[PDB]
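Structure first, commentary second.
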Amino acid sequence: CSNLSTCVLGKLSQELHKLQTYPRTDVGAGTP
Ligand SMILES: *[C@@H]1O[C@H](CO)[C@@H](O[C@@H]2O[C@H](CO)[C@@H](O[C@@H]3O[C@H](CO[C@H]4O[C@H](CO[C@H]5O[C@H](CO)[C@@H](O)[C@H](O)[C@@H]5O)[C@@H](O)[C@H](O[C@H]5O[C@H](CO)[C@@H](O)[C@H](O)[C@@H]5O)[C@@H]4O)[C@@H](O)[C@H](O[C@H]4O[C@H](CO)[C@@H](O)[C@H](O)[C@@H]4O[C@H]4O[C@H](CO)[C@@H](O)[C@H](O)[C@@H]4O)[C@@H]3O)[C@H](O)[C@H]2NC(C)=O)[C@H](O)[C@H]1NC(C)=O
């Protein structure tokens, strides 16, 4: 990711989707 802006918000949004939908079933959280 050249962005680290559009991309980082995308990854944070994806992380939030996963942990909300399911408690814990391989949450992404690739957000250093
Ligand atoms: C996360 O990552 C993603 C990755 O995708 C990022 O998305 C991408 O982001 C970039 C950068 O913003 C985008 O680039 C864009 O590039 C165009 C290039 O020009 C196009 O539009 C022209 C419009 O007309 C202008 O030019 C004519 C001719 O000189 C003038 O008469 C007009 O008045 C305008 O100035 C067009 O002319 C170009 O060519 C076409 O038309 C001509 C003329 O008819 C033909 O000859 C050609 O053949 C052809 O048909 C071309 O289509 C920029 O225009 C975009 O916006 C910049 O320029 C605008 C106009 O000046 C200005 O209003 C904007 O503010 C902006 O200006 C900034 O950037 C300029 C370019 O570097 C600088 O010169 C300027 O100083 C200023 O810094 C835009 O830059 C990508 O499209 C976009 N998507 C993809 C898929 O790549 C995303 O942004 C990232 N997000 C974050 C948060 O990090």
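Residue names in the structure tokens use chain letters A, B, ... in the order shown, residue numbers from 1 in each chain, and ligand numbers from 1 in the order shown.
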
| task | Extract, using only C-alpha atoms, all DNA, RNA and protein residues at most 8 Å from residue 29 (chain A), discarding same-chain residues fewer than 2 positions from it, and format them as number ranges by chain. | result | A: 11-12, 14-15, 27, 31

Requested write-out: N, CA, C and O atoms of the selected residues, as an mmCIF file, in the first residue's frame:
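The file below, part-v1.cif, is the result:
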```cif
data_model
loop_
_atom_site.group_PDB
_atom_site.id
_atom_site.type_symbol
_atom_site.label_atom_id
_atom_site.label_comp_id
_atom_site.auth_asym_id
_atom_site.auth_seq_id
_atom_site.Cartn_x
_atom_site.Cartn_y
_atom_site.Cartn_z
ATOM 1 N N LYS A 11 -8.371 -1.426 5.893
ATOM 2 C CA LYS A 11 -7.974 -2.546 6.739
ATOM 3 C C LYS A 11 -8.598 -2.448 8.135
ATOM 4 O O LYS A 11 -9.011 -3.466 8.686
ATOM 5 N N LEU A 12 -8.686 -1.235 8.700
ATOM 6 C CA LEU A 12 -9.360 -0.981 9.969
ATOM 7 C C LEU A 12 -10.855 -1.283 9.854
ATOM 8 O O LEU A 12 -11.430 -1.895 10.751
ATOM 9 N N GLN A 14 -12.272 -3.356 7.646
ATOM 10 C CA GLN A 14 -12.366 -4.798 7.461
ATOM 11 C C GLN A 14 -12.225 -5.538 8.796
ATOM 12 O O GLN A 14 -12.995 -6.454 9.075
ATOM 13 N N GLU A 15 -11.250 -5.130 9.620
ATOM 14 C CA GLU A 15 -11.039 -5.646 10.966
ATOM 15 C C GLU A 15 -12.325 -5.524 11.788
ATOM 16 O O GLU A 15 -12.770 -6.508 12.379
ATOM 17 N N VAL A 27 -10.070 -13.157 12.748
ATOM 18 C CA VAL A 27 -10.140 -11.714 12.555
ATOM 19 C C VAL A 27 -8.875 -11.264 11.818
ATOM 20 O O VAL A 27 -7.793 -11.798 12.060
ATOM 21 N N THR A 31 -3.230 -4.321 10.842
ATOM 22 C CA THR A 31 -3.234 -2.876 11.010
ATOM 23 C C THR A 31 -2.110 -2.469 11.972
ATOM 24 O O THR A 31 -2.385 -2.117 13.118
#
```

| request: Return as a VMD selection string the residues of protein, DNA or RNA that approach ligand 1 to within 12 Å, with only C-alpha atoms and all ligand atoms taken into account. | output: chain A and resid 1 to 10

| said: I'd like to know which residues of chain A are alpha helix (DSSP H) (by DSSP, run on the backbone); could you write them as a ChimeraX atom specification? | reply: /A:6-21
